[PDB]
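One structure is given below, encoded as structure tokens.
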Amino acid sequence: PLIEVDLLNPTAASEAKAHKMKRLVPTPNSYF
Amino acid sequence: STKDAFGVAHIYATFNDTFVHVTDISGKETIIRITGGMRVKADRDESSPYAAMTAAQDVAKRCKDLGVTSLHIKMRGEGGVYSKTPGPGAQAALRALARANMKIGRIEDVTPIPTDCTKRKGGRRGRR
Amino acid sequence: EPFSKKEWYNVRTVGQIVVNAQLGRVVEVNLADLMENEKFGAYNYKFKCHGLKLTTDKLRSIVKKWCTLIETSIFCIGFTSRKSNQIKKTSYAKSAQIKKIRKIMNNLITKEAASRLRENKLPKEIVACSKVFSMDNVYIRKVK
Amino acid sequence: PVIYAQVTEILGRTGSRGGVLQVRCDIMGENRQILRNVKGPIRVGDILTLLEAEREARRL
Amino acid sequence: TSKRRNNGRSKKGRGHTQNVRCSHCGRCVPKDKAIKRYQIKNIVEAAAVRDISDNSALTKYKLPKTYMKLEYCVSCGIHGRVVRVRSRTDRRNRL
Amino acid sequence: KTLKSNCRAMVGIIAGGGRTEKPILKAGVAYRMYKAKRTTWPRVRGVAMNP
RNA sequence: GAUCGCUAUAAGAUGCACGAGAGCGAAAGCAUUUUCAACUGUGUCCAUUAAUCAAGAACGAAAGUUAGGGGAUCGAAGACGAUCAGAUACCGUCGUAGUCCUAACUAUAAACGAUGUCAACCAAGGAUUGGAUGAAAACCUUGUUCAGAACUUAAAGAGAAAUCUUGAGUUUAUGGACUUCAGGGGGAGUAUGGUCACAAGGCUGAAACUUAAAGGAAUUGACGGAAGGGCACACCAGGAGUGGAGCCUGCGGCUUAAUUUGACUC
């Protein structure tokens with residue numbers, strides 16, 4: 001986006017909204 | 001003749017002619033049918049409102065004589081594959097009939113729209 | 001006098017027919033005249049000396065531009081509808097949701113009709129289909 | 001057997017060139033509005049005479 | 001080059017749309033390229049609507065309305081004054 | 001044609017349909033076709049005849 | 001005994017309204033109800049199996065060919081009737097091939113988004129189709145996110161400009177990978193050669209010669225038997241008339257030694 005944000009460290013709220021493969025470290029959304 | 005009775009009127013007025021056709025309720029047996037071109041002496045004046053106005057007036061006279069004091073109007077235009085809009089004399093006929101002290105019952109549109117149509121005259125490029 | 005040979009007959013009596021008595025005659029009468037009320041004005045009935053048909057005005061006055069036309073066969077037609085809180089312009093049902101409607105659109109009708117209108121009931125009963133898609137206008141347009 | 005009429009308003013001029021007035025008469029006999037095509041000078045106040053009020057000369 | 005961005009028609013993701021017949025000249029025109037107008041008109045015009053009510057055998061009869069959808073082509077859509085030629089920067093108006 | 005209603009009529013089409021769609025190619029095949037018919041096959045034209 | 005009105009019968013074709021800058025399909029295309037492709041979900045499996053592709057092959061609108069069935073509507077050829085100076089055309093009426101199904105051919109289109117296929121980055125905003133995840137208790141309102149057809153703005157980037165932004169941007173600051181095509185305009189997609197097709201024709205396909213332009217986007221003007229808005233004795237309602245008669249005068253023509261000459265729609 002035009003409004004640049006810090007991406008080396010992401011916010012905890014913004015990580016949970018991104019696609020599971022588009023995070024800084026892709027992690028599954030499944031439990032158990 | 002008879003006492004007061006209810007009939008129907010099938011006014012078929014296209015861009016070239018005007019039919020004023022009144023039967024009984026069953027629609028099988030007619031009473032009088034006066035056409036727009038019945039009362040004119042020019043082929044271009046068959047669709048004029050005056051030609052249809054005069055035709056409607058004489059239909060009421062014969063309908064009065066038989067005691068048909070009311071009519072169910074079923075108004076139609078040549079809407080098979082061609083223009084669905086009734087011609088100029090279609091509305092004039094209905095006004096003239098009701099002006100002759102004729103009780104006017106149901107008014108319905110019986111222009112047959114094509115559920116599924118066949119080819120239409122003109123070709124691809126239409127009437128140039 | 002070409003009409004001197006005609007003797008009028010009769011058929012609530014809702015009208016008279018002229019003959020020359022022969023009478024596969026078919027007569028159409030508006031339901032409002034038959035039931036002496038103006039609430040059933042958008043209907044027609046046919047009798048043979050037969051059937052019913054939705055009037056042309058009411059058939060064309062219930063078709064909306066931005067809905068889904070659901071029709072089955074006793075012919076029945078219904079339309080999807082908007083909502084009080086709905087915002088989007090288009091309210092269309094999927095092909096699978098229509099089959100759920102059609103699996104009860106006439107199936108409900110054939111259930112009671114075979115077991116056994118002019119009041120309300122079955123036309124409005126089949127609208128509650130509502131559990132699968134909102135529906136407002138349901139009519140039985142023609143019976144053969 | 002001639003029925004007069006009273007003009008109420010003027011709707012403009014028609015008939016190719018300007019020689020025909022479309023006015024909206026009313027019949028004082030029974031207060032029945034009629035729209036007629038008129039030739040000549042007309043104002044709202046003036047009245048008119050018609051030998052046929054049965055034709056509504058709307059001109060489509 | 002391109003006088004219009006959508007080439008006059010209104011199809012984007014489909015390669016074919018069934019033809020329809022123009023209501024005036026009967027010219028085969030595509031479904032989207034056609035000019036669609038929906039007409040609502042009472043069978044009895046306003047100059048005669050009150051004439052029926054003076055002599056009507058019924059009591060509370062409401063006159064119905066005619067429901068016809070007209071499709072025109074460009075050749076007689078413009079000629080019929082349904083649509084007109086618009087300015088270059090006024091062409092984008094879509095309301 | 002108008003017929004009385006008591007006439008009998010077997011329902012269906014007759015078998016062996018589409019027989020003539022095959023082109024008789026030779027003279028011999030056309031000669032063997034008249035094996036169980038009259039005697040009219042080799043037909044000499046009127047204009048190839050004496051007066 | 002037409003047109004018109006009610007009721008019945010059979011086949012042919014069609015699939016309105018719902019029908020949308022909506023959906024599916026590699027393209028062609030797909031519209032009455034009662035085998036395959038894709039997206040999403042996925043702490044399932046293999047491990048480079050991948051992209052583009054000469055040769056080669058499938059599908060390929062409409063018309064067209066061959067043989068059957070069908071042949072209702074429309075209708076190349078054709079026949080009349082109009083219009084015109086002529087009309088062999090537009091307008092009206094009739095009508096063979098065809099339009100429909102089957103089987104086998106043909107393989108061309110403005111087969112168009114005139115924009116090859118795959119891949120990375122890419123400003124702001126509304127709205128739509130199909131899923132997944134929360135609140136609001138199948139449908140409706142709202143949040144996050146993946147795929148899809150599109151749209152609005154741009155003072156930015158590109159371009160010769162129109163315009164493009166889900167590129168026609170990241171290009172003289174020139175190189176991500178691959179295939180095809182083009183070299184001024186005619187001759188000309190013509191001839192010859194080869195090959196395919198029952199045929200019409202398709203695919204490959206030059207030269208001799210000729211010529212200073214052909215062409216692309218926008219500006220002004222003019223023009224429109226294009227539209228919108230106004231105006232004029234331009235016209236409508238009229239008056240006077242001219243044109244008709246004799247005569248004055250000017251012009252052309254004839255005549256003559258000369259019949260002097262400029263001007264020729266407003």
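If you're wondering about the labels, chains in the structure tokens are A, B, ... by order shown, residues count from 1 in each chain, ligands from 1 in order shown.
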Query raised in the report: Skipping near chain neighbours, those fewer than 2 positions away, what residues fall within 12 Å of residue 16 (chain B) using only C-alpha atoms (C1' of nucleotides), listed as a list in words?
Result: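 The residues that qualify are residues 12, 13, 14, 18, 19, 35, 36, 37, 42, 43, 44, 45, 46, 47, 48, 49, 51, 52, 77, 78, 86, 87, 88, 89 and 90 of chain B.
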Can you spit out the residues from that selection as a compact mmCIF listing (two decimals), in the first residue's frame, using C-alpha atoms?
# COMPACT_ATOMS: atom_id res chain seq x y z
CA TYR B 12 -58.89 -5.52 -33.56
CA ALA B 13 -57.49 -2.19 -34.79
CA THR B 14 -54.05 -2.35 -36.41
CA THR B 18 -60.09 -1.45 -37.55
CA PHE B 19 -62.41 -4.36 -36.72
CA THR B 35 -64.79 -2.87 -40.12
CA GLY B 36 -62.89 0.38 -40.44
CA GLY B 37 -62.69 0.06 -44.22
CA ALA B 42 -59.86 5.52 -49.48
CA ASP B 43 -57.41 2.75 -48.64
CA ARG B 44 -55.29 5.13 -46.54
CA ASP B 45 -58.21 6.27 -44.34
CA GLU B 46 -59.09 2.85 -42.89
CA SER B 47 -56.97 3.41 -39.76
CA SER B 48 -58.12 6.98 -39.08
CA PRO B 49 -59.86 7.57 -35.72
CA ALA B 51 -63.29 5.90 -39.55
CA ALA B 52 -63.21 3.86 -36.34
CA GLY B 77 -53.29 -5.37 -31.84
CA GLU B 78 -51.42 -7.37 -34.44
CA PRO B 86 -52.62 -1.11 -30.99
CA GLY B 87 -53.06 1.30 -33.86
CA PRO B 88 -54.51 4.81 -33.82
CA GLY B 89 -58.18 3.89 -34.10
CA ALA B 90 -58.08 1.29 -31.34
DSSP strand (DSSP E) residues within chain B, listed as a PDB file with C-alpha atoms, in the first residue's frame:
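Wrote selection_39.pdb, looks like this:
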ATOM      1  CA  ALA B   5     -77.762  -8.809 -21.837  1.00  0.00           C
ATOM      2  CA  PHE B   6     -73.981  -8.900 -21.521  1.00  0.00           C
ATOM      3  CA  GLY B   7     -71.796  -9.309 -24.586  1.00  0.00           C
ATOM      4  CA  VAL B   8     -68.144  -8.967 -25.581  1.00  0.00           C
ATOM      5  CA  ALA B   9     -66.361  -6.705 -28.061  1.00  0.00           C
ATOM      6  CA  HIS B  10     -63.216  -7.858 -29.881  1.00  0.00           C
ATOM      7  CA  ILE B  11     -61.769  -4.605 -31.226  1.00  0.00           C
ATOM      8  CA  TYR B  12     -58.890  -5.515 -33.562  1.00  0.00           C
ATOM      9  CA  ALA B  13     -57.485  -2.191 -34.792  1.00  0.00           C
ATOM     10  CA  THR B  18     -60.085  -1.446 -37.545  1.00  0.00           C
ATOM     11  CA  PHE B  19     -62.406  -4.359 -36.720  1.00  0.00           C
ATOM     12  CA  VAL B  20     -65.367  -3.785 -34.395  1.00  0.00           C
ATOM     13  CA  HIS B  21     -66.607  -7.316 -33.707  1.00  0.00           C
ATOM     14  CA  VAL B  22     -69.158  -7.986 -30.952  1.00  0.00           C
ATOM     15  CA  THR B  23     -70.453 -11.468 -30.081  1.00  0.00           C
ATOM     16  CA  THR B  30     -71.795 -12.922 -33.558  1.00  0.00           C
ATOM     17  CA  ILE B  31     -74.223  -9.992 -33.621  1.00  0.00           C
ATOM     18  CA  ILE B  32     -72.584  -7.348 -35.831  1.00  0.00           C
ATOM     19  CA  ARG B  33     -69.083  -6.824 -37.237  1.00  0.00           C
ATOM     20  CA  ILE B  34     -68.301  -3.419 -38.765  1.00  0.00           C
ATOM     21  CA  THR B  35     -64.792  -2.875 -40.116  1.00  0.00           C
ATOM     22  CA  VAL B  68     -77.072  -5.933 -25.466  1.00  0.00           C
ATOM     23  CA  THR B  69     -76.679  -2.917 -23.182  1.00  0.00           C
ATOM     24  CA  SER B  70     -73.157  -3.788 -22.013  1.00  0.00           C
ATOM     25  CA  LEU B  71     -69.968  -5.224 -23.469  1.00  0.00           C
ATOM     26  CA  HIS B  72     -66.757  -6.791 -22.193  1.00  0.00           C
ATOM     27  CA  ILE B  73     -63.926  -5.132 -24.104  1.00  0.00           C
ATOM     28  CA  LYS B  74     -61.048  -7.336 -25.277  1.00  0.00           C
ATOM     29  CA  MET B  75     -58.588  -4.988 -26.976  1.00  0.00           C
ATOM     30  CA  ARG B  76     -55.860  -6.335 -29.246  1.00  0.00           C
ATOM     31  CA  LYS B 103     -72.201   0.123 -20.066  1.00  0.00           C
ATOM     32  CA  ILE B 104     -68.536  -0.887 -20.242  1.00  0.00           C
ATOM     33  CA  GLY B 105     -67.524  -3.985 -18.312  1.00  0.00           C
ATOM     34  CA  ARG B 106     -64.138  -5.676 -18.202  1.00  0.00           C
ATOM     35  CA  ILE B 107     -61.353  -4.236 -20.355  1.00  0.00           C
ATOM     36  CA  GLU B 108     -58.654  -6.782 -21.163  1.00  0.00           C
ATOM     37  CA  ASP B 109     -55.663  -7.031 -23.493  1.00  0.00           C
TER      38      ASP B 109
END
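Excluding residue 139 (chain G) itself and any same-chain residue fewer than 3 positions from it, the protein and nucleic acid residues within 7 Å of it, counting only C-alpha atoms (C1' of nucleotides), are residues 132, 133 and 134 of chain C.
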Query raised in the report: Counting only C-alpha atoms (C1' of nucleotides), what is within 10 Å of region 24-32 of chain A, bar same-chain residues fewer than 3 positions away, as a ChimeraX atom specification?
Result: /A:7-10,15-16,18-21 /G:42-43,133
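Backbone DSSP over chain F gives alpha helix (DSSP H) for residues 27, 28, 29, 30, 31, 32 and 33 of chain F.
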Query - Distance-based interface of chain G with chain C, 9 Å, counting only C-alpha atoms (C1' of nucleotides), as a PyMOL selection string - result: chain G and resi 6-7+17-20+33+138-141
Report task. List the neighbours of residue 8 (chain D) out to 9 Å using only C-alpha atoms (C1' of nucleotides); skip same-chain residues closer than 5 positions along the sequence, and give me the result as a list in words. Result -> residues 23, 24, 25, 26, 43, 44, 45, 46 and 47 of chain D
Export of the given selection (N, CA and C atoms) as a tab-separated table (two decimals), in the first residue's frame:
chain	number	residue	atom	x	y	z
D	23	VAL	N	-56.03	24.43	-28.29
D	23	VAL	CA	-56.57	24.99	-27.06
D	23	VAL	C	-57.35	23.91	-26.32
D	24	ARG	N	-57.53	24.13	-25.03
D	24	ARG	CA	-58.19	23.18	-24.13
D	24	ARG	C	-59.52	23.79	-23.69
D	25	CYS	N	-60.56	23.57	-24.49
D	25	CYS	CA	-61.86	24.15	-24.20
D	25	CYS	C	-62.56	23.37	-23.09
D	26	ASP	N	-63.62	23.96	-22.56
D	26	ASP	CA	-64.56	23.25	-21.70
D	26	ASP	C	-65.97	23.64	-22.13
D	43	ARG	N	-57.83	34.01	-27.46
D	43	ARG	CA	-57.33	34.19	-26.10
D	43	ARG	C	-58.05	33.22	-25.17
D	44	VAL	N	-57.59	33.18	-23.92
D	44	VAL	CA	-58.18	32.26	-22.95
D	44	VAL	C	-59.63	32.64	-22.67
D	45	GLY	N	-59.91	33.94	-22.52
D	45	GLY	CA	-61.24	34.37	-22.13
D	45	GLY	C	-62.31	34.05	-23.15
D	46	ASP	N	-61.97	34.09	-24.43
D	46	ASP	CA	-62.96	33.92	-25.48
D	46	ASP	C	-63.55	32.51	-25.47
D	47	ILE	N	-64.70	32.37	-26.12
D	47	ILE	CA	-65.41	31.09	-26.20
D	47	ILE	C	-65.35	30.58	-27.63
Interface list for chain G, partner chain A, 9 Å threshold, only C-alpha atoms (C1' of nucleotides), as a PDB file with N, CA and C atoms (P, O5', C5', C4', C3', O3' and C1' of nucleotides), in the first residue's frame:
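What ended up in iface30.pdb:
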ATOM      1  P     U G  42      -7.344 -24.234   5.301  1.00  0.00           P
ATOM      2  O5'   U G  42      -6.907 -25.762   5.222  1.00  0.00           O
ATOM      3  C5'   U G  42      -7.321 -26.698   6.205  1.00  0.00           C
ATOM      4  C4'   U G  42      -6.928 -28.101   5.817  1.00  0.00           C
ATOM      5  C3'   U G  42      -5.472 -28.293   5.430  1.00  0.00           C
ATOM      6  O3'   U G  42      -4.633 -28.465   6.558  1.00  0.00           O
ATOM      7  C1'   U G  42      -6.870 -29.353   3.838  1.00  0.00           C
ATOM      8  P     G G  43      -3.732 -27.255   7.110  1.00  0.00           P
ATOM      9  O5'   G G  43      -2.723 -27.969   8.114  1.00  0.00           O
ATOM     10  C5'   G G  43      -1.357 -28.156   7.762  1.00  0.00           C
ATOM     11  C4'   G G  43      -0.933 -29.603   7.859  1.00  0.00           C
ATOM     12  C3'   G G  43      -2.039 -30.604   8.194  1.00  0.00           C
ATOM     13  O3'   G G  43      -1.803 -31.821   7.491  1.00  0.00           O
ATOM     14  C1'   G G  43      -0.329 -30.730   9.824  1.00  0.00           C
ATOM     15  P     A G 123       0.272  -0.572  -4.956  1.00  0.00           P
ATOM     16  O5'   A G 123      -0.172   0.895  -4.529  1.00  0.00           O
ATOM     17  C5'   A G 123       0.519   2.026  -5.032  1.00  0.00           C
ATOM     18  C4'   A G 123      -0.303   3.280  -4.899  1.00  0.00           C
ATOM     19  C3'   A G 123      -1.744   3.086  -4.466  1.00  0.00           C
ATOM     20  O3'   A G 123      -1.883   2.900  -3.070  1.00  0.00           O
ATOM     21  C1'   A G 123      -1.671   4.563  -6.301  1.00  0.00           C
ATOM     22  P     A G 124      -3.101   2.032  -2.493  1.00  0.00           P
ATOM     23  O5'   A G 124      -4.361   2.991  -2.652  1.00  0.00           O
ATOM     24  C5'   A G 124      -4.416   4.225  -1.956  1.00  0.00           C
ATOM     25  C4'   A G 124      -5.624   5.033  -2.348  1.00  0.00           C
ATOM     26  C3'   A G 124      -6.964   4.321  -2.272  1.00  0.00           C
ATOM     27  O3'   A G 124      -7.487   4.252  -0.960  1.00  0.00           O
ATOM     28  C1'   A G 124      -6.809   5.475  -4.314  1.00  0.00           C
ATOM     29  P     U G 144     -12.558  -5.734   5.665  1.00  0.00           P
ATOM     30  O5'   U G 144     -11.724  -7.055   5.965  1.00  0.00           O
ATOM     31  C5'   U G 144     -10.769  -7.083   7.013  1.00  0.00           C
ATOM     32  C4'   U G 144     -10.125  -8.438   7.143  1.00  0.00           C
ATOM     33  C3'   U G 144      -9.641  -9.070   5.850  1.00  0.00           C
ATOM     34  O3'   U G 144      -8.379  -8.588   5.443  1.00  0.00           O
ATOM     35  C1'   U G 144     -10.866 -10.657   7.075  1.00  0.00           C
ATOM     36  P     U G 145      -8.061  -8.441   3.882  1.00  0.00           P
ATOM     37  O5'   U G 145      -7.998  -9.945   3.357  1.00  0.00           O
ATOM     38  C5'   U G 145      -6.996 -10.844   3.811  1.00  0.00           C
ATOM     39  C4'   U G 145      -7.254 -12.252   3.333  1.00  0.00           C
ATOM     40  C3'   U G 145      -7.409 -12.425   1.831  1.00  0.00           C
ATOM     41  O3'   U G 145      -6.163 -12.520   1.163  1.00  0.00           O
ATOM     42  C1'   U G 145      -9.159 -13.561   2.941  1.00  0.00           C
ATOM     43  P     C G 146      -6.078 -12.297  -0.424  1.00  0.00           P
ATOM     44  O5'   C G 146      -6.663 -13.645  -1.037  1.00  0.00           O
ATOM     45  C5'   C G 146      -5.887 -14.834  -1.047  1.00  0.00           C
ATOM     46  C4'   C G 146      -6.562 -15.943  -1.818  1.00  0.00           C
ATOM     47  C3'   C G 146      -7.007 -15.609  -3.230  1.00  0.00           C
ATOM     48  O3'   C G 146      -5.954 -15.618  -4.175  1.00  0.00           O
ATOM     49  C1'   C G 146      -8.750 -16.733  -2.116  1.00  0.00           C
TER      50        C G 146
END
Query - Spatial neighbours of region 176-193 of chain G, max dist 6 Å, only C-alpha atoms (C1' of nucleotides), sep filter under 3 positions, as a list in words - result: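 Counting only the stated atoms, we get residues 52, 53 and 214 of chain G.
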Next, write the just-selected residues to a file, as a PDB file, in the first residue's frame, keeping C-alpha atoms (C1' of nucleotides) as the atom set.
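result.pdb, freshly written:
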ATOM      1  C1'   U G  52       6.902 -21.964 -24.589  1.00  0.00           C
ATOM      2  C1'   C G  53       6.591 -24.846 -28.663  1.00  0.00           C
ATOM      3  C1'   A G 214      -0.070   5.394 -49.394  1.00  0.00           C
TER       4        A G 214
END
Query raised in the report: Got a sec to pull out which chain E residues are within 12 Å of chain D, counting only C-alpha atoms, and send them as a PyMOL selection string?
Result: chain E and resi 45-48+50-51+54
Query raised in the report: Which value, in Å to one decimal, gives the distance between CA of residue 49 (chain E) and CA of residue 7 (chain D)?
Result: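 Going from CA of residue 49 (chain E) over to CA of residue 7 (chain D), I get 21.4 Å.
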Report task. Just give me the gap between CA of residue 139 (chain C) and CA of residue 36 (chain E) in Å, one decimal is fine. Result ->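 Atom-to-atom, CA of residue 139 (chain C) and CA of residue 36 (chain E) are spaced 27.6 Å apart.
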Requested in this report: May I have the residues within 9 Å of residue 77 (chain E) as an MDAnalysis selection string, using only C-alpha atoms (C1' of nucleotides) and disregarding those fewer than 5 positions away in the same chain?
Outcome: chainID E and resid 24 34:35 71:72 82:84
Grab the residues selected above and save them as a short mmCIF file (atom, residue, chain, number, x, y, z; two decimals), in the first residue's frame with C-alpha atoms.
data_model
loop_
_atom_site.label_atom_id
_atom_site.label_comp_id
_atom_site.auth_asym_id
_atom_site.auth_seq_id
_atom_site.Cartn_x
_atom_site.Cartn_y
_atom_site.Cartn_z
CA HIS E 24 -39.38 -1.04 -35.51
CA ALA E 34 -30.11 -3.56 -28.49
CA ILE E 35 -31.84 -0.58 -26.89
CA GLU E 71 -36.18 -3.46 -28.25
CA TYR E 72 -34.71 -1.16 -30.90
CA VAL E 82 -35.11 7.37 -28.12
CA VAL E 83 -31.41 8.24 -27.85
CA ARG E 84 -29.33 11.08 -29.27
#
